[PDB]
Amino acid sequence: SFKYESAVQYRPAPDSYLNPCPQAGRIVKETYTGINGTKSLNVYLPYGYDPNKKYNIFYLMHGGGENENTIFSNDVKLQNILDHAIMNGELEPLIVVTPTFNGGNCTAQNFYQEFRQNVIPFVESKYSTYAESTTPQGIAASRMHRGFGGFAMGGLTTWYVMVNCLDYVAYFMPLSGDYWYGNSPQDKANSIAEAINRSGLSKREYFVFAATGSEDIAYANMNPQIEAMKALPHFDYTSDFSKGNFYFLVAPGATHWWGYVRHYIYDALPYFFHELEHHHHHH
């Protein structure tokens, strides 16, 4: 069903996608102990989840003042959108994980540390992703099937994950948050470029689909960063990820609110995980 567009436009999910779907994925509350102590997360498993199949995995971070339960709470209801999109064939089934940057020494900035050491091995040893094992080697070998995104301060988390975790993660969805490293947009872009240089990866091996609202305060700092990134050779600007690797979706009229941001995930998540995928698909 899915075909890449080169300049995909904002489109909310239908209102009916915000109500429960009969083909409901299971949401599992987990508790684990890592470098920031004992913490919890939620795991969304697609309807029909079969542990003898391999699933893409997308980790998705909340914003400031929120927690690991927010995204699947009544205030956001992202699972309804996921369920309906998967049932209708718009989105290939995947695992979605909602962790937290709260707890212990954890911050939105430093969460990537715990992500690498604790969250990936805990989740991906339990559930069936493309990681055949959860050693560093097994995680790195399955990076094309792993993504990270997040909203607001979780968008910041996403950028710090990118710069520090290119070895583990190929697809990035920063939502309404910019990267706070540097005193100018060029410093930010140059930091991302240096991370890419250090990783040794090609431009066909990492993908950034950023989004915000045209009335979302985060635009002010995102837009200059995006423009600086577009000028790098490291990024080829287009939503057609069969051709390039970088897009910035700006929703007209949308403000800094999960009510809109959930629709950015509806629009962007279907674009993830088809490059070097293991199924024979035409997009």
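Counting begins at 1, following the sequence as shown.
The stretch with the higher mean CA B factor, choosing between 9-17 and 259-267, is 9-17. Looking at mean Cα B-factors across 90-98 and 73-81, the upper value is held by 73-81. Considering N245, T38, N56, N67 together, the PDB entry gives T38 the largest C-alpha B factor. Among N183, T129, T158, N110, the highest C-alpha B-factor recorded in the PDB entry belongs to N183. In the deposited entry, the Cα temperature factor of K203 sits in the top third of values across the chain's modelled residues. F235 sits in the middle third of its chain by CA B factor, as recorded in the PDB entry.
Sort the modelled residues of the chain by CA B factor and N197 lands in the highest third. Ranked against the other modelled residues of its chain, the C-alpha B-factor of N42 as given in the entry falls in the lowest third. Per the deposited record, the Cα B-factor of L60 falls in the lowest third when ranked against the other modelled residues of its chain.
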